[PDB]
Number of protein chains: 2
Amino acid sequence: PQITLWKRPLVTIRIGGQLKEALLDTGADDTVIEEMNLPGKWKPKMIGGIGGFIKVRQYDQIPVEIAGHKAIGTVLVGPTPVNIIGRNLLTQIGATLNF
Amino acid sequence: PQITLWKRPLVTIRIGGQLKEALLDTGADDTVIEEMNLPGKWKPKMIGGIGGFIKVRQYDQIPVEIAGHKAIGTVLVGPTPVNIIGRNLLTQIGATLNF
Ligand SMILES: CC[C@H](C)[C@@H]1NC(=O)[C@@H](NC[C@@H](O)[C@H](Cc2ccccc2)NC(=O)OC(C)(C)C)Cc2ccc(cc2)OCCCNC1=O
């Protein structure tokens, strides 16, 4: 679909058999999801954005469905105000910026 | 034009007579520009990202040219590692997400 930016580009995603709202973020290199239990092992990691660095759990090869479109990649779980779908997954579903 | 997300969507912008490289961020409610001496009255403001909040100076009605596309709106100036063009200005240049 074609999404305008008058409102936050929030879409429903399915991760770990659970439905959640996530923000399509072209400014984010990675995908950061709120605290939740995801199957498989995880490795401690640190990422940084506008107001500093945070500690996150890194889960690899996690299947994520974004608006019916499939993607399998790295998902970071940590303290975030909103679920963020970054460029690592956006590229998998062929998302592009147009104007 | 059509911008892919293989790399960070960085484009050239013109603000206050200067040319800068800025990141097209659909996940940003506001536009945040690196520290610079813009004339005019400003209002103190605090914006939050991943990691926390930072103090910024709010300037209204600032004309910004994005990739040759004219726009004008609120620009926040503060300690940011990258210049960020948010939805407030992206909507003005007819930018959309497509997949
Ligand atoms: C300037 C950023 C903008 C002000 C802020 N948006 C954002 O910061 C959104 N995009 C993240 C992008 O703005 C930054 C850009 C950046 C790149 C490199 C170094 C530093 C910063 N990327 C970024 O944080 O990447 C991560 C998530 C993988 C760590 C994500 C988000 C959304 C809502 C949030 C908090 C965070 O909380 C909701 C409040 C509104 N916050 C916002 O709209």
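As a basis for the values below, the full set of heavy atoms in this structure was taken, side chains included, without hydrogen atoms, waters or symmetry mates. Each chain gets a letter, A, B and so on, in the order the sequences are listed, and its residues count up from 1.
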Dump the intermediate steps for side-chain contact (heavy atoms from CB on, under 4.5 Å) on B:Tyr59 and B:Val77, then the final yes or no.
-> CA-CA 8 Å; B:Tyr59 292 88; B:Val77 180; 3.8 Å; yes
Do B:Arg87 side-chain atoms and A:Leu5 backbone N/O form a donor-acceptor pair below 3.5 Å?
->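 Yes, the answer is positive, given that a donor and an acceptor are paired below the 3.5 Å cut-off.
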Got a donor-acceptor contact below 3.5 angstrom from the A:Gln92 side chain to the A:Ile72 backbone?
->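 Yes, the answer is positive, given that a donor and an acceptor are paired below the 3.5 Å cut-off.
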[X] side, atom [atom1]; [Y] side, atom [atom2] - distance, nearest 0.5 Å:
{"X": "B:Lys45", "Y": "B:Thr74", "atom1": "NZ", "atom2": "OG1", "answer": "8.5 Å"}
{"X": "B:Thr4", "Y": "A:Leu97", "atom1": "OG1", "atom2": "CG", "answer": "9.5 Å"}
{"X": "A:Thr96", "Y": "B:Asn98", "atom1": "OG1", "atom2": "CG", "answer": "5.0 Å"}
{"X": "B:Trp6", "Y": "A:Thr91", "atom1": "CH2", "atom2": "OG1", "answer": "5.0 Å"}

Minimum-distance pair of heavy atoms, taken over all atoms of [X] and [Y]:
{"X": "A:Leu24", "Y": "A:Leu90", "value": "CD2-CD2, 4.0 Å"}
{"X": "A:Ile3", "Y": "A:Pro9", "value": "CG2-CB, 4.3 Å"}
{"X": "A:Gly27", "Y": "B:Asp25", "value": "N-OD1, 3.3 Å"}
{"X": "A:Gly78", "Y": "A:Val56", "value": "CA-CG1, 4.0 Å"}
{"X": "B:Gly51", "Y": "A:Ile54", "value": "CA-CG2, 3.5 Å"}
{"X": "A:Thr80", "Y": "A:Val82", "value": "OG1-O, 2.8 Å"}

Knowing that exactly one of A:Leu76, A:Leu89, A:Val75 qualifies, which makes a side chain to side chain contact (heavy atoms under 4.5 Å, CB included) with A:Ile62?
->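 It is A:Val75; the other options fail the test.
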Beyond-backbone contact of A:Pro81 with B:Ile50, side-chain heavy atoms, under 4.5 angstrom =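 Of all side-chain heavy-atom pairs linking B:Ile50 with A:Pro81, at least one is under 4.5 Å.
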Less than 4.5 Å apart, any side-chain heavy atom of B:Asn83 and any of B:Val32?
->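 Of all side-chain heavy-atom pairs linking B:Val32 with B:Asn83, none is under 4.5 Å.
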Other residues, nucleotides, ligands: >12 heavy atoms within 6.0 Å of A:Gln61 CD =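 No - once you tally the heavy atoms of other residues, nucleotides and ligands closer than 6.0 Å, there are 12 at most.
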Donor + acceptor pair across side chains of A:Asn88, A:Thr31 (<3.5 Å) |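 Per modelled atom types, A:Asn88 and A:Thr31 side chains form a pair under 3.5 Å.
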B:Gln58 vs B:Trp42, side-chain contact (heavy atoms from CB on, under 4.5 Å): CA-CA, chis, key distance, verdict | CA-CA 5 Å; B:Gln58 178 181 321; B:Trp42 55 267; 5.7 Å; no
Please check if B:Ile84 and B:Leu10 belong to a single hydrophobic cluster, counting links between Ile, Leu, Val, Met, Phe, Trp and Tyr side chain heavy atoms closer than 4.5 Å.
->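 No, because B:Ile84 and B:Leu10 fall into different hydrophobic clusters, even though each may have its own neighbours under 4.5 Å.
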Which side-chain N or O atoms in residues 11-23 of chain B pair as donor and acceptor under 3.5 Å with protein atoms at least two apart or in another chain?
unit_1	atom_1	unit_2	atom_2	d
B:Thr12	OG1	B:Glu21	OE2	2.9
B:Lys20	NZ	B:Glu34	OE2	3.2

Under the salt bridge (charged side-chain N to carboxylate O under 4.0 Å, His left out) rule, collect the residues that match up with B:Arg8, sequence neighbours excluded.
->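 Salt bridge (charged side-chain N to carboxylate O under 4.0 Å, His left out) list for B:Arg8, sorted by chain: A:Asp29.
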Do the rings of B:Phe99 and A:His69 sit parallel, tilted or perpendicular, given the 30° and 60° boundaries?
->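 Perpendicular.
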